[PDB]
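Only one structure is covered here, and it is reproduced in the block below.
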Amino acid sequence: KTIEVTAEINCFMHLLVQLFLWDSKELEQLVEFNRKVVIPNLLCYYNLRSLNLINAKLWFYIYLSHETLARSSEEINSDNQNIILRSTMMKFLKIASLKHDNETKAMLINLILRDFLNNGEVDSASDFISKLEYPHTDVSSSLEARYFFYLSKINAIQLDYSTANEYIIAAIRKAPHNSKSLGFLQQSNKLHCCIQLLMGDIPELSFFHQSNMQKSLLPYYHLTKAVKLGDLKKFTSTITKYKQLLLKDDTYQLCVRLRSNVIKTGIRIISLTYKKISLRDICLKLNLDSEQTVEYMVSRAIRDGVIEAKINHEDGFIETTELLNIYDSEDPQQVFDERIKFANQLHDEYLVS
Amino acid sequence: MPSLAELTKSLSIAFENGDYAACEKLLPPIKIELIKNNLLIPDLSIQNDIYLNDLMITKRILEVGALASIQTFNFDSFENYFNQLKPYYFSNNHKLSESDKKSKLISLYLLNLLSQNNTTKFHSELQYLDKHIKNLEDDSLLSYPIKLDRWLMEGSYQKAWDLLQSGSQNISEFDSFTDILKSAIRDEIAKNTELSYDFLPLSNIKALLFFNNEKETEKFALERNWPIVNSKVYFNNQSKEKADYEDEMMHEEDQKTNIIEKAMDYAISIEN
Amino acid sequence: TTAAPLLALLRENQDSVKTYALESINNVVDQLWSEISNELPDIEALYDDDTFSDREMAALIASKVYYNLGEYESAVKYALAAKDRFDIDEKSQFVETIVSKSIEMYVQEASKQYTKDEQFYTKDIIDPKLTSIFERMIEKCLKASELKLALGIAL
Amino acid sequence: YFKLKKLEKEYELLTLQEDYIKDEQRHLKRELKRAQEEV
Amino acid sequence: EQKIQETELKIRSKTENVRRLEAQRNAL
C-alpha cells in the first residue's frame, strides 16, 4: 500500500523513459496515455514541491516532433494539441510561486519561449523571464545553457545584442555532456556568429573552424566576409546564393538588420582619423551605395552613434574625431568598478563552496 | 444607413454606395448579434461554421468594418477589427479561409506600426506571419512598407519618400497613414541635422525636410529650439545636456569619490 | 492562439460589448495572463465605476493576473471589494493559495491590533469582508472535526 | 498543527543562533589583529 | 496551513549556508 503508491510512480517514470522509440509505434497516438499517466498520483501529489523525479524534458522530447505540423498537416485553423500543452504547463505555472520552484519551472519557460520563437510573438516573453528569477541553485548545467540560448534569441529581435553576446558566451561554458556536442552545438555556434555580425565588430571564424562541418563553414565565412569588406553588392549576392540556408535556419531577420549595418561598416574602414577628411572621398564611397541620399545617410550615420562626425556643406568638408578615448576621469574607473563587483560575487562563491 | 432590415445586407449595401460613417454607426448593433452566435471568436471546436458557411459571412462583416473604419480616421476601431480578423488571416497554420482584402488590411497594419516608428513590433509581426518570405515578398501591397523599412533604417529618407508617393495604395487608403508618416521622417531628419551640422544654410534645411516654402521651416526650426540668423541656421546647441533629475551621477567632482570608497567598503565586507 | 479578438472588444464602445468582453476573457484568463496584464488599467477603470454593474467581473479578472505577478495582498483586497468575488466554497488552486495568504494577513495584523485594542475583532477595525473569510475558515475547520486547526488560526 | 507551532519554535531558536554565529565572528576579527600586533 | 509550511521551509534553506559559516568561524 506504501509499496503500491511507490510502485505506480516508478512504473510512470519507466513508461516515460521507454517511449523514446523502444517498444513503441506512434508518439502522438501514445500522447493521450502519457497525459493520463502524468496527472493522477504524481502531478497531483506535488503541490508545493519540485524534484527531478518530475521532468518536463521527457515530455518536451515527446511533444517537440509533433510541432513539425506533419501530423496536423495544416487542415485546421489552429492546433488543439499545443493549446492543451500550453494550458497544462501554465497550470503548473500557477502552483509555482517562487518558494522552492526554480527547477522544473525553468524548463516550462524554455518551452514557452520556444513556441514564441517558432511562430508566436515574443513581446509576452518579458514577464516570464522576470517571474521566473529567484535564486537558482537547483537547475542543471545543460538546462542553464538551453535557457540562455532561447533567451539570447528573444533579445536579438528586441535589438539588444550585448546582452545576448554575454548569455551565448556563458551558455557554451556549461554542459560536459557529449550529447549536447552534437547538432545542438552547431545551433549554438550559429547564433554566436550571428550576434558577431549584428554588432559588426565581427572577427574571423577561426575558432569555429575545427568544431563545425567544412560544409557549414564556407557559407558562414561568406556572410562574414560580406560585412567585413563592406560591400552591399557582395552582401546581396551572398544572400541570393545561400538562400536556402538563411531560410532553413530561420535567421532570415539578418537580411533587414544587417543591410544598414553593412553600409556603415563600409564607410568606417575608410579613415576618419584627422581634423578634416575631405568631402569628395566620403561622397565617392557613398555614391556607389546610393547617390540621392549621400547627405541623409551621412547625417543618419552620425546620429546613430556608431561613428560620430561634424559636417559643414558651406565649407564642404566633413570633420571628424580620432575615435580614440582618454583615461583622465570616471569612464575607465567604471570598468574598474565592474571588475571588482564580478570578483566579489565570485569570492562569495569560493567561500560558500 | 438602411438597405433592408437584415444587418448583413444593410451593411454591405450601405458600404457599397459609400457612407463609411454610417457603417460605423451600424457596427455596434451588428457586433452585439455577432457576439451571441459565437462565430466572432476564432473556432477551435467543430460546429460546421469553423471556416465555412456563416463564418464566411462574419469574416466579410469584419473586412468591411476595417475598411470603413480607416477611411473615417478611427485608428482605434481599425485596430479592433483587425485584431479580431487576424487569427483568420494566420495563426500557425490558419489557412482555411483566405481573402485578398486580407492582404490589403495587413499592408495597412504594417504601415500603422511603421508610421508610429515601432521597429521591434514590425520584427515581431513578420514572425507571426506564417510564411515570412513568400507572403511578404510576392505581395506588392505588403512590399511597399518592407522596402520602406529598409530605406528608413539606412537613412535613405529621400528614396522612401519617392516610393510612398508613386504607390498604388497611396491612391487607396494609405492616404490616411501618410500624414502620420511624414511627420515621423521630418522629425528624424530635424534630429539628424541637429547632431551633425555646426551650421548649415536655411535653404538647405528647407529642401532636406521636404518643404517648398521657407516660412513653414523657420516655424518648425523655432519650435525645435534652434537659433537662426538671416540666411543661416545655427546649431550651437547640437544636443541639450541635462534634463531634470538624475544627478550625483556622471561628470561631477566628489560624489564619484564617495562612490569609489563605497564600492571598496562593500568589497571589504564580503571578503571579510 | 491569441487573446486579441477578446481584447479588441474590451476597448470597443458600448457597455453591452464590454460586458460580453469580460465574460469572453474570463474563461481563459489564467493561461493568457501575460497579455492581459497590460490591459489592467482599463479593467481597473470599470471596477472604479459604480454605474457600470459588471465592475465585479473586471475585478475578478484583475485578481487572477495580480496573483500570477506576485501581488497576492493587492488581489486579496480586490476580490473582497468586488463584493462577490471572494468565494471559498469552490476548490481551486487560486482559491486555496489566496486563502493561505489571507489568514497570514489577518494574523500579522492581529498581533499589532490586539496590542492597541483587545476588542478589535469585536469591531469594524479589521473590516468585515476580511473577518467573514476568516470566520468561514473557522467553520470549514470545525466541520472536519479536528479542533487543533480551528483553535490555531484563531490563537 | 499543535505540531506546527512546536516546529516553528524549534526553528526560531535556531534563527537567533544563526545571527549569533556572526556576531562572535566579527568580534574575533578585532581580537586577531590586536594579538598579531602584540607579537 | 500551507503558508505556515512555507515559512518553516525558508529557515531550513538559510541554515545550510550558516553550517558552512559554522566551519569558517572555527578556522578563525
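Chain labels follow the order of the C-alpha cells: the first chain is A, the next B, and so on; residue numbering restarts at 1 in every chain, and ligands are counted from 1 in their shown order.
Look at residue 46 in chain C: the protein and nucleic acid residues within 12 Å of it, using only C-alpha atoms and passing over chain neighbours fewer than 3 places away, are residues 10, 11, 15, 18, 19, 22, 39, 40, 41, 42, 43, 49, 50, 51, 52, 53, 54, 55, 56, 57, 58, 59, 60, 61, 62 and 82 of chain C.
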Hey, can you spit out that residue selection with N, CA and C atoms as a PDB file, in the first residue's frame?
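Final file, out.pdb:
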```pdb
ATOM      1  N   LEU C  10     -12.995  44.617 -25.514  1.00  0.00           N
ATOM      2  CA  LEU C  10     -12.801  45.252 -24.197  1.00  0.00           C
ATOM      3  C   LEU C  10     -12.595  46.788 -24.380  1.00  0.00           C
ATOM      4  N   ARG C  11     -12.088  47.281 -25.490  1.00  0.00           N
ATOM      5  CA  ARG C  11     -11.870  48.736 -25.726  1.00  0.00           C
ATOM      6  C   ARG C  11     -12.905  49.304 -26.623  1.00  0.00           C
ATOM      7  N   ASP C  15     -21.483  49.617 -23.591  1.00  0.00           N
ATOM      8  CA  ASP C  15     -21.475  48.878 -22.348  1.00  0.00           C
ATOM      9  C   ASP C  15     -21.681  47.354 -22.472  1.00  0.00           C
ATOM     10  N   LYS C  18     -18.545  45.463 -23.922  1.00  0.00           N
ATOM     11  CA  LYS C  18     -17.667  45.366 -22.765  1.00  0.00           C
ATOM     12  C   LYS C  18     -18.119  44.326 -21.767  1.00  0.00           C
ATOM     13  N   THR C  19     -19.449  44.122 -21.458  1.00  0.00           N
ATOM     14  CA  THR C  19     -19.979  43.055 -20.654  1.00  0.00           C
ATOM     15  C   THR C  19     -19.760  41.719 -21.170  1.00  0.00           C
ATOM     16  N   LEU C  22     -15.630  40.873 -20.986  1.00  0.00           N
ATOM     17  CA  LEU C  22     -15.332  40.448 -19.646  1.00  0.00           C
ATOM     18  C   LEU C  22     -15.604  38.966 -19.559  1.00  0.00           C
ATOM     19  N   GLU C  39      -3.481  45.185 -19.954  1.00  0.00           N
ATOM     20  CA  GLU C  39      -4.730  45.811 -20.149  1.00  0.00           C
ATOM     21  C   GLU C  39      -5.305  46.100 -18.807  1.00  0.00           C
ATOM     22  N   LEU C  40      -4.576  45.769 -17.653  1.00  0.00           N
ATOM     23  CA  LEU C  40      -5.107  46.006 -16.329  1.00  0.00           C
ATOM     24  C   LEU C  40      -5.599  47.395 -16.003  1.00  0.00           C
ATOM     25  N   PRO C  41      -5.030  48.578 -16.331  1.00  0.00           N
ATOM     26  CA  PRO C  41      -5.601  49.908 -16.031  1.00  0.00           C
ATOM     27  C   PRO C  41      -6.975  50.099 -16.535  1.00  0.00           C
ATOM     28  N   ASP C  42      -7.297  49.548 -17.766  1.00  0.00           N
ATOM     29  CA  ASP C  42      -8.583  49.591 -18.415  1.00  0.00           C
ATOM     30  C   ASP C  42      -9.677  48.870 -17.725  1.00  0.00           C
ATOM     31  N   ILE C  43      -9.346  47.585 -17.304  1.00  0.00           N
ATOM     32  CA  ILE C  43     -10.134  46.759 -16.472  1.00  0.00           C
ATOM     33  C   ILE C  43     -10.424  47.357 -15.085  1.00  0.00           C
ATOM     34  N   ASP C  49     -15.922  52.328 -11.432  1.00  0.00           N
ATOM     35  CA  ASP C  49     -17.182  52.920 -11.840  1.00  0.00           C
ATOM     36  C   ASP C  49     -18.199  52.131 -10.972  1.00  0.00           C
ATOM     37  N   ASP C  50     -19.204  52.960 -10.586  1.00  0.00           N
ATOM     38  CA  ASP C  50     -20.227  52.450  -9.638  1.00  0.00           C
ATOM     39  C   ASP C  50     -21.547  52.717 -10.371  1.00  0.00           C
ATOM     40  N   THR C  51     -21.479  52.771 -11.751  1.00  0.00           N
ATOM     41  CA  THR C  51     -22.636  52.987 -12.644  1.00  0.00           C
ATOM     42  C   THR C  51     -22.754  51.810 -13.551  1.00  0.00           C
ATOM     43  N   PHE C  52     -21.607  51.219 -13.815  1.00  0.00           N
ATOM     44  CA  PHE C  52     -21.397  50.042 -14.602  1.00  0.00           C
ATOM     45  C   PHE C  52     -21.407  48.950 -13.647  1.00  0.00           C
ATOM     46  N   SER C  53     -22.188  47.862 -13.899  1.00  0.00           N
ATOM     47  CA  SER C  53     -22.528  46.899 -12.852  1.00  0.00           C
ATOM     48  C   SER C  53     -21.767  45.574 -12.960  1.00  0.00           C
ATOM     49  N   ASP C  54     -20.990  45.459 -14.065  1.00  0.00           N
ATOM     50  CA  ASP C  54     -20.101  44.316 -14.221  1.00  0.00           C
ATOM     51  C   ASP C  54     -18.704  44.631 -13.799  1.00  0.00           C
ATOM     52  N   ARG C  55     -18.572  45.678 -12.932  1.00  0.00           N
ATOM     53  CA  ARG C  55     -17.430  46.069 -12.125  1.00  0.00           C
ATOM     54  C   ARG C  55     -16.795  44.919 -11.358  1.00  0.00           C
ATOM     55  N   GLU C  56     -17.613  43.995 -10.825  1.00  0.00           N
ATOM     56  CA  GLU C  56     -17.247  42.902 -10.003  1.00  0.00           C
ATOM     57  C   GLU C  56     -16.454  41.956 -10.916  1.00  0.00           C
ATOM     58  N   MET C  57     -16.827  41.810 -12.216  1.00  0.00           N
ATOM     59  CA  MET C  57     -16.223  40.852 -13.091  1.00  0.00           C
ATOM     60  C   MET C  57     -14.834  41.196 -13.580  1.00  0.00           C
ATOM     61  N   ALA C  58     -14.696  42.488 -13.946  1.00  0.00           N
ATOM     62  CA  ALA C  58     -13.441  43.203 -14.146  1.00  0.00           C
ATOM     63  C   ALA C  58     -12.447  43.081 -12.976  1.00  0.00           C
ATOM     64  N   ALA C  59     -12.878  43.365 -11.728  1.00  0.00           N
ATOM     65  CA  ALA C  59     -12.138  42.968 -10.543  1.00  0.00           C
ATOM     66  C   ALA C  59     -11.697  41.519 -10.444  1.00  0.00           C
ATOM     67  N   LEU C  60     -12.571  40.612 -10.655  1.00  0.00           N
ATOM     68  CA  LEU C  60     -12.204  39.187 -10.606  1.00  0.00           C
ATOM     69  C   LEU C  60     -11.008  38.784 -11.570  1.00  0.00           C
ATOM     70  N   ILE C  61     -11.104  39.331 -12.854  1.00  0.00           N
ATOM     71  CA  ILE C  61     -10.160  39.132 -13.823  1.00  0.00           C
ATOM     72  C   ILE C  61      -8.786  39.796 -13.346  1.00  0.00           C
ATOM     73  N   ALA C  62      -8.781  41.023 -12.732  1.00  0.00           N
ATOM     74  CA  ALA C  62      -7.635  41.702 -12.219  1.00  0.00           C
ATOM     75  C   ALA C  62      -6.865  40.901 -11.248  1.00  0.00           C
ATOM     76  N   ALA C  82     -14.998  43.749  -4.620  1.00  0.00           N
ATOM     77  CA  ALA C  82     -15.845  43.414  -5.727  1.00  0.00           C
ATOM     78  C   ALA C  82     -17.221  43.020  -5.207  1.00  0.00           C
TER      79      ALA C  82
END
```
Show me, as number ranges by chain, the residues that have an atom within 7 Å of residue 318 in chain A when counting only C-alpha atoms, minus same-chain residues fewer than 6 positions from it. A: 276-279, 310-312
Need to verify the contact set: residue 21 in chain D, 10 Å, only C-alpha atoms, exclusion of same-chain residues closer than 2 positions in sequence. Can you return it as a PDB file with C-alpha atoms, in the first residue's frame?
```
ATOM      1  CA  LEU D  16      18.531  33.583  16.759  1.00  0.00           C
ATOM      2  CA  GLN D  17      21.513  31.343  16.936  1.00  0.00           C
ATOM      3  CA  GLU D  18      22.466  31.760  13.126  1.00  0.00           C
ATOM      4  CA  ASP D  19      22.673  35.559  13.743  1.00  0.00           C
ATOM      5  CA  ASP D  23      28.287  38.358  15.990  1.00  0.00           C
ATOM      6  CA  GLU D  24      31.026  36.151  17.687  1.00  0.00           C
ATOM      7  CA  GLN D  25      32.886  36.119  14.148  1.00  0.00           C
ATOM      8  CA  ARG D  26      33.013  39.941  13.976  1.00  0.00           C
TER       9      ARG D  26
ATOM     10  CA  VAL E  18      25.118  29.040   8.125  1.00  0.00           C
ATOM     11  CA  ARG E  19      26.592  25.438   8.573  1.00  0.00           C
ATOM     12  CA  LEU E  21      29.885  29.512   8.137  1.00  0.00           C
ATOM     13  CA  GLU E  22      29.954  27.447  11.453  1.00  0.00           C
ATOM     14  CA  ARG E  25      34.122  30.615  12.233  1.00  0.00           C
TER      15      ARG E  25
END
```
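Of the listed residues A:3, A:17, A:125, A:11, the one whose atoms come nearest to chain C is A:125, with distances taken using only C-alpha atoms.
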May I have the residues of chain A within 6 Å of chain B, counting only C-alpha atoms, written as a ChimeraX atom specification? /A:74,77-78,119-121,158,260,293,296-297,299-300,303,310-311
File of the preceding selection, C-alpha atoms, as a short mmCIF file (atom, residue, chain, number, x, y, z; two decimals), in the first residue's frame:
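Output below, filename again.cif:
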```cif
data_model
loop_
_atom_site.label_atom_id
_atom_site.label_comp_id
_atom_site.auth_asym_id
_atom_site.auth_seq_id
_atom_site.Cartn_x
_atom_site.Cartn_y
_atom_site.Cartn_z
CA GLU A 74 -2.43 22.27 -41.76
CA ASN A 77 -7.47 26.62 -38.03
CA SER A 78 -5.21 26.12 -35.02
CA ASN A 119 5.74 31.41 -34.78
CA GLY A 120 4.24 33.40 -31.90
CA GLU A 121 5.05 36.97 -30.77
CA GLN A 158 14.24 43.40 -29.30
CA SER A 260 22.04 49.35 -42.70
CA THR A 293 20.82 60.22 -50.14
CA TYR A 296 20.80 61.98 -45.47
CA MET A 297 22.73 58.80 -44.85
CA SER A 299 23.75 62.56 -41.12
CA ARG A 300 21.85 59.40 -40.05
CA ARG A 303 23.05 60.25 -35.32
CA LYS A 310 30.54 67.11 -37.85
CA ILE A 311 29.69 68.41 -41.35
#
```
Write down as number ranges by chain the residues belonging to range 10-153 of chain C that are assigned helix (DSSP H, G or I) by DSSP computed on the backbone. C: 10, 15-26, 33-48, 55-69, 72-82, 93-116, 120-122, 128-143, 147-153
Could I get the residues of chain D with an atom no further than 8 Å from an atom of chain E, each paired with its nearest atom pair and that distance in Å to one decimal, using only C-alpha atoms, sorted by chain and residue number, as a Markdown table?
```
| residue | atom | partner | partner_atom | distance |
| --- | --- | --- | --- | --- |
| D:4 | CA | E:4 | CA | 7.6 |
| D:7 | CA | E:8 | CA | 7.9 |
| D:8 | CA | E:8 | CA | 6.3 |
| D:11 | CA | E:11 | CA | 6.9 |
| D:15 | CA | E:11 | CA | 7.4 |
| D:18 | CA | E:18 | CA | 6.3 |
| D:21 | CA | E:22 | CA | 7.0 |
| D:25 | CA | E:25 | CA | 6.0 |
| D:28 | CA | E:28 | CA | 7.2 |
| D:29 | CA | E:28 | CA | 8.0 |
```
Just write the chosen residues, N, CA and C atoms, as a short mmCIF file (atom, residue, chain, number, x, y, z; two decimals), in the first residue's frame.
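Full text of out.cif as output:
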```cif
data_model
loop_
_atom_site.label_atom_id
_atom_site.label_comp_id
_atom_site.auth_asym_id
_atom_site.auth_seq_id
_atom_site.Cartn_x
_atom_site.Cartn_y
_atom_site.Cartn_z
N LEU D 4 2.77 21.98 14.29
CA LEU D 4 3.30 23.09 13.50
C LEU D 4 3.82 24.19 14.37
N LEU D 7 7.24 22.99 15.86
CA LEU D 7 8.24 23.04 14.82
C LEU D 7 8.66 24.43 14.46
N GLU D 8 7.75 25.44 14.48
CA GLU D 8 8.10 26.80 14.24
C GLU D 8 8.98 27.37 15.30
N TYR D 11 12.65 25.96 15.07
CA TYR D 11 13.28 26.75 14.03
C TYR D 11 13.64 28.14 14.47
N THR D 15 17.21 30.27 14.44
CA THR D 15 17.41 31.51 13.79
C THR D 15 18.22 32.46 14.59
N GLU D 18 21.82 31.51 14.41
CA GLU D 18 22.47 31.76 13.13
C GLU D 18 22.96 33.16 13.12
N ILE D 21 26.18 33.41 15.56
CA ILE D 21 27.45 32.95 14.95
C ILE D 21 28.27 34.18 14.35
N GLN D 25 31.94 36.00 15.32
CA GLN D 25 32.89 36.12 14.15
C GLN D 25 33.48 37.54 13.93
N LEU D 28 36.04 38.40 16.84
CA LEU D 28 37.23 37.64 16.69
C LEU D 28 38.18 38.36 15.72
N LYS D 29 37.58 39.09 14.82
CA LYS D 29 38.41 39.81 13.86
C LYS D 29 39.23 40.90 14.56
#
```
Residues of chain C within 9 Å of chain B: nearest atom pair and distance (Å, one decimal) for each, counting only C-alpha atoms, sorted by chain and number, as a Markdown table?
```
| residue | atom | partner | partner_atom | distance |
| --- | --- | --- | --- | --- |
| C:1 | CA | B:91 | CA | 6.7 |
| C:2 | CA | B:87 | CA | 7.4 |
| C:4 | CA | B:83 | CA | 5.4 |
| C:5 | CA | B:84 | CA | 4.0 |
| C:6 | CA | B:84 | CA | 7.6 |
| C:7 | CA | B:80 | CA | 8.1 |
| C:8 | CA | B:80 | CA | 4.5 |
| C:9 | CA | B:80 | CA | 6.9 |
| C:11 | CA | B:80 | CA | 7.9 |
| C:12 | CA | B:80 | CA | 7.2 |
| C:13 | CA | B:28 | CA | 7.8 |
| C:14 | CA | B:28 | CA | 7.4 |
| C:16 | CA | B:32 | CA | 7.5 |
| C:17 | CA | B:32 | CA | 6.5 |
| C:20 | CA | B:35 | CA | 7.3 |
```
Would you save the residues from that selection as a PDB file, in the first residue's frame, using C-alpha atoms?
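Full text of result.pdb as output:
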```pdb
ATOM      1  CA  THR C   1      -3.875  31.095 -30.077  1.00  0.00           C
ATOM      2  CA  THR C   2      -4.293  34.913 -29.352  1.00  0.00           C
ATOM      3  CA  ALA C   4      -6.503  39.625 -29.364  1.00  0.00           C
ATOM      4  CA  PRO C   5     -10.153  39.096 -30.541  1.00  0.00           C
ATOM      5  CA  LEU C   6     -11.256  39.443 -26.878  1.00  0.00           C
ATOM      6  CA  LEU C   7      -9.075  42.364 -26.007  1.00  0.00           C
ATOM      7  CA  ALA C   8     -10.313  44.261 -29.018  1.00  0.00           C
ATOM      8  CA  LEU C   9     -13.876  44.098 -27.670  1.00  0.00           C
ATOM      9  CA  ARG C  11     -11.870  48.736 -25.726  1.00  0.00           C
ATOM     10  CA  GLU C  12     -14.789  48.930 -28.095  1.00  0.00           C
ATOM     11  CA  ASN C  13     -17.662  51.408 -27.367  1.00  0.00           C
ATOM     12  CA  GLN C  14     -20.997  50.420 -25.766  1.00  0.00           C
ATOM     13  CA  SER C  16     -23.019  45.635 -23.762  1.00  0.00           C
ATOM     14  CA  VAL C  17     -19.925  44.789 -25.818  1.00  0.00           C
ATOM     15  CA  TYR C  20     -19.648  40.318 -23.254  1.00  0.00           C
TER      16      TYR C  20
END
```
Do you have, as JSON lines, the list of residues of chain C lying at most 10 Å from chain D, each with its nearest atom pair and that distance in Å to one decimal, counting only C-alpha atoms and ordered by chain then number?
```
{"residue": "C:146", "atom": "CA", "partner": "D:1", "partner_atom": "CA", "distance": 9.9}
{"residue": "C:147", "atom": "CA", "partner": "D:1", "partner_atom": "CA", "distance": 9.6}
{"residue": "C:148", "atom": "CA", "partner": "D:1", "partner_atom": "CA", "distance": 6.1}
{"residue": "C:149", "atom": "CA", "partner": "D:1", "partner_atom": "CA", "distance": 6.0}
{"residue": "C:150", "atom": "CA", "partner": "D:1", "partner_atom": "CA", "distance": 9.5}
{"residue": "C:151", "atom": "CA", "partner": "D:1", "partner_atom": "CA", "distance": 9.4}
{"residue": "C:152", "atom": "CA", "partner": "D:1", "partner_atom": "CA", "distance": 6.9}
{"residue": "C:153", "atom": "CA", "partner": "D:1", "partner_atom": "CA", "distance": 9.5}
```
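With distances taken over only C-alpha atoms, A:80 is the one residue among A:206, A:80, A:6, A:55 lying closest to chain C.
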Should the cut-off be 10 Å, what would the residue list for chain C against chain E look like, counting only C-alpha atoms, as a PDB file with N, CA, C and O atoms, in the first residue's frame?
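Below is the file part_3.pdb, written as the result:
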```pdb
ATOM      1  N   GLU C  96      -7.324  28.272  -2.763  1.00  0.00           N
ATOM      2  CA  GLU C  96      -6.579  27.671  -1.688  1.00  0.00           C
ATOM      3  C   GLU C  96      -5.400  28.546  -1.259  1.00  0.00           C
ATOM      4  O   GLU C  96      -5.134  28.705  -0.038  1.00  0.00           O
ATOM      5  N   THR C  97      -4.693  29.082  -2.273  1.00  0.00           N
ATOM      6  CA  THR C  97      -3.457  29.798  -2.067  1.00  0.00           C
ATOM      7  C   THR C  97      -3.777  31.185  -1.557  1.00  0.00           C
ATOM      8  O   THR C  97      -3.100  31.656  -0.638  1.00  0.00           O
ATOM      9  N   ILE C  98      -4.775  31.917  -2.065  1.00  0.00           N
ATOM     10  CA  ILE C  98      -5.082  33.223  -1.592  1.00  0.00           C
ATOM     11  C   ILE C  98      -5.760  33.322  -0.290  1.00  0.00           C
ATOM     12  O   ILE C  98      -5.680  34.370   0.317  1.00  0.00           O
ATOM     13  N   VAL C  99      -6.484  32.197   0.085  1.00  0.00           N
ATOM     14  CA  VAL C  99      -6.943  31.954   1.444  1.00  0.00           C
ATOM     15  C   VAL C  99      -5.821  31.794   2.456  1.00  0.00           C
ATOM     16  O   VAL C  99      -5.886  32.334   3.564  1.00  0.00           O
ATOM     17  N   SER C 100      -4.729  30.998   2.081  1.00  0.00           N
ATOM     18  CA  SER C 100      -3.449  30.836   2.806  1.00  0.00           C
ATOM     19  C   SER C 100      -2.829  32.186   3.085  1.00  0.00           C
ATOM     20  O   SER C 100      -2.548  32.538   4.236  1.00  0.00           O
ATOM     21  N   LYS C 101      -2.720  33.052   2.071  1.00  0.00           N
ATOM     22  CA  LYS C 101      -2.278  34.311   2.281  1.00  0.00           C
ATOM     23  C   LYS C 101      -3.145  35.189   3.174  1.00  0.00           C
ATOM     24  O   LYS C 101      -2.616  36.015   3.884  1.00  0.00           O
ATOM     25  N   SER C 102      -4.525  35.046   3.121  1.00  0.00           N
ATOM     26  CA  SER C 102      -5.441  35.912   3.798  1.00  0.00           C
ATOM     27  C   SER C 102      -5.382  35.797   5.246  1.00  0.00           C
ATOM     28  O   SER C 102      -5.466  36.803   5.938  1.00  0.00           O
ATOM     29  N   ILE C 103      -5.305  34.497   5.707  1.00  0.00           N
ATOM     30  CA  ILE C 103      -5.055  34.182   7.128  1.00  0.00           C
ATOM     31  C   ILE C 103      -3.765  34.776   7.728  1.00  0.00           C
ATOM     32  O   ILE C 103      -3.811  35.435   8.734  1.00  0.00           O
ATOM     33  N   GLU C 104      -2.671  34.645   6.932  1.00  0.00           N
ATOM     34  CA  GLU C 104      -1.384  35.294   7.179  1.00  0.00           C
ATOM     35  C   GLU C 104      -1.469  36.768   7.400  1.00  0.00           C
ATOM     36  O   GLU C 104      -0.995  37.244   8.405  1.00  0.00           O
ATOM     37  N   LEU C 149      -6.907  22.806  14.428  1.00  0.00           N
ATOM     38  CA  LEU C 149      -6.743  23.681  13.270  1.00  0.00           C
ATOM     39  C   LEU C 149      -7.502  24.966  13.511  1.00  0.00           C
ATOM     40  O   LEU C 149      -6.824  26.003  13.362  1.00  0.00           O
ATOM     41  N   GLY C 152      -5.977  27.007  16.376  1.00  0.00           N
ATOM     42  CA  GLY C 152      -4.688  27.506  15.852  1.00  0.00           C
ATOM     43  C   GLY C 152      -4.730  28.853  15.177  1.00  0.00           C
ATOM     44  O   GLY C 152      -4.005  29.782  15.564  1.00  0.00           O
ATOM     45  N   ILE C 153      -5.613  28.951  14.150  1.00  0.00           N
ATOM     46  CA  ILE C 153      -5.827  30.136  13.261  1.00  0.00           C
ATOM     47  C   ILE C 153      -6.338  31.316  14.171  1.00  0.00           C
ATOM     48  O   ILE C 153      -5.838  32.415  14.037  1.00  0.00           O
TER      49      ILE C 153
END
```
Using only C-alpha atoms and a cut-off of 7 Å, which residues of chain A sit close to chain C? Please list them as a count of residues only. 5
Please provide the set of residues having any atom within 12 Å of range 9-25 of chain B, restricted to only C-alpha atoms, with same-chain residues fewer than 4 positions apart removed, written as number ranges by chain. B: 1-5, 29-31, 57-58, 60-74, 77-78, 81; C: 12-14
Chain A residues near chain E (12 Å cut-off, only C-alpha atoms) as a short mmCIF file (atom, residue, chain, number, x, y, z; two decimals) with N, CA and C atoms, in the first residue's frame:
```
data_model
loop_
_atom_site.label_atom_id
_atom_site.label_comp_id
_atom_site.auth_asym_id
_atom_site.auth_seq_id
_atom_site.Cartn_x
_atom_site.Cartn_y
_atom_site.Cartn_z
N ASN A 47 2.54 19.75 -4.93
CA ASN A 47 1.68 20.90 -4.87
C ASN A 47 2.46 22.06 -4.29
N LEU A 48 3.56 21.69 -3.61
CA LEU A 48 4.37 22.69 -3.01
C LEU A 48 5.80 22.29 -3.21
N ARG A 49 5.93 21.36 -4.19
CA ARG A 49 7.14 20.57 -4.34
C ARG A 49 7.72 20.66 -5.74
N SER A 97 5.42 29.57 -7.37
CA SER A 97 5.21 30.81 -6.64
C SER A 97 6.50 31.32 -5.99
N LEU A 98 7.63 30.71 -6.47
CA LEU A 98 8.95 31.21 -6.24
C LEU A 98 9.35 31.11 -4.72
N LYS A 99 9.11 29.89 -4.19
CA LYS A 99 9.42 29.49 -2.84
C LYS A 99 10.33 28.33 -2.72
N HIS A 100 10.61 27.68 -3.85
CA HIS A 100 11.25 26.36 -3.92
C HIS A 100 11.13 25.83 -5.33
N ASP A 101 10.61 26.68 -6.28
CA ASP A 101 10.24 26.29 -7.59
C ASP A 101 11.17 27.17 -8.39
N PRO A 135 16.67 32.70 -6.48
CA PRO A 135 17.97 32.22 -6.57
C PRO A 135 17.97 30.83 -7.16
N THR A 137 19.91 27.41 -7.96
CA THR A 137 20.93 26.66 -7.35
C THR A 137 20.48 25.20 -7.43
N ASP A 348 32.51 35.27 -2.90
CA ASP A 348 31.35 34.77 -2.14
C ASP A 348 31.12 33.33 -2.52
N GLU A 349 31.09 32.90 -3.80
CA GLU A 349 31.02 31.51 -4.17
C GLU A 349 32.15 30.61 -3.71
N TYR A 350 33.39 31.08 -3.76
CA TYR A 350 34.51 30.27 -3.33
C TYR A 350 34.45 29.98 -1.84
N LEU A 351 34.16 30.97 -0.99
CA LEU A 351 33.98 30.85 0.44
C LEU A 351 32.85 29.84 0.76
N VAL A 352 31.67 30.07 0.12
CA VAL A 352 30.44 29.24 0.27
C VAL A 352 30.83 27.84 -0.05
N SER A 353 31.60 27.70 -1.12
CA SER A 353 31.89 26.50 -1.76
C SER A 353 32.90 25.60 -0.91
#
```
